[PDB]
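Given as structure tokens, the chain that follows is alone and in the form whose entry title says "closed state".
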């Protein structure tokens, strides 16, 4: 029933063009029916055209199946050779070979699903054509040609699957089929797997509680010793980033962007956007409860400062929970990625490391707020000393994410020796160092008149412009790939675009243009004392805008990486 959406959802995105165009055939049949007036000869011509189109589709399917089968056979031969070499050598290598075998099994199951779905679509479309035309020739065509097509009559895929199972059981799992087929089953994949009902209910409950608590917080703030905005901005930004990341995952899944392969995640087990929404909602509930406790201070004995810490500490615990609960696999993966990023020069830079470093570049406000909290606790607990004065440590903390990205680019240059991309990106990140340093120098010299304060102000202005232009150009031309020379119809874009609307691309371009300058202004204001009066308000307003810009950027960067190997993270 309603095979169109079934086909659309169960199609492998990377092979979309190689599947049968069920919607195209439906449109052809409906148009022929509408244009039907000579009637018999017209119907005969339409039948001939439909059969020719079906023959073309069948030939395309057959050739794709043949090439995929040949590739699978070659990969199986290489894997068998590797396994034989490993046996001749006789732990980590065994695990890597097992992962490779799992990937090969997933590819084989994907090919099997492709052929099964193609046959089902052929049968359904021919049945629909027979029903509409009131003729049985469609069934005859299906039986004569489709039923005997090599792609449908070839069981080599099944034999390869069985051989893979036997090899894995005998050699890798030590003769126990129970160990095999677990991690080697390929459960439902893509959008074809509905999210758990309990997960959706939890997501809804958390969003509802978050909304009501936000309404209560606004009402209290309108009707009602410690900087609350500074302390809680980091948590709010983290929750917003998690929610927008869930939206990013949903869009990637809907748009056919194979983010799983790009991020090097397990195709069989993946974190759905619903899980990200659930985590964001729970964290937002905790954040709102802490803020409400701060505003009201229900328990008099417990001091106010316990409420924020108790939240953030819990968050840290939630991230580092040793127990295998609450998304333990994803949490451990995130911990490993964070450790690799913060020790960037000593590890090979994959796509995930660079992406997370960029996210930290966008979320630097959290680190800056942590430094401000440390200063406030150390000194305040001259009034407002941490806010009226700046120092080198503040600038270094601001630049830490840019330092990580710059060192990652240097490591990539060392590994690949390709000057252009990595060195240009390194310069694009060092613009941040220059701008922050000059802003800090100007702020320091403003108090103690050096007679060169205006020189530093001008240098900061030019470096601000340079950094904004550099970042915007890199985002538009390299991260997003837009403004390409191959745009046949998609002006200012590339030749291939996956998202349905180009208006989204144009709006994203405009928002990136505005928000790159906005974020540069926010960094300049926060890292120094440029605007001691309204600096906090502007920074607080701009940080969510920076997160939104970083969300749109993730969308389009993942879309470019999937379409083109812009990051050069894959062979």
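Residue numbers count along the first chain shown, from 1. Heads up, when I say rigid core I mean the largest set of C-alphas that superpose within 1.5 Å between the two forms.
The following text describes the form whose entry title says "open state", which does not appear among the structures shown.
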Considering only 322, 313, 194, 449, single out the residue whose C-alpha is displaced by at least 2 Å between this form and the one not shown after superposing the rigid core. 449
Core superposed first: is there a CA shift of 2 Å or greater at residue 336 between this form and the one not shown? no
Determine, after fitting the two forms on their core, whether residue 530 shows a C-alpha shift of 2 Å or more between this form and the one not shown. yes
Is the shift of residue 272 between this form and the one not shown large enough to count as movement, that is, does its C-alpha move by 2 Å or more after the core is superposed? no
Given that the CA-CA distance for residue 368 and residue 532 shifts by 3 Å or more in the other entry, does it become closer or farther? farther
Residue 388 and residue 401: do their C-alpha atoms lie closer or farther in the other entry than in the form you see, with a change of 3 Å or more? closer
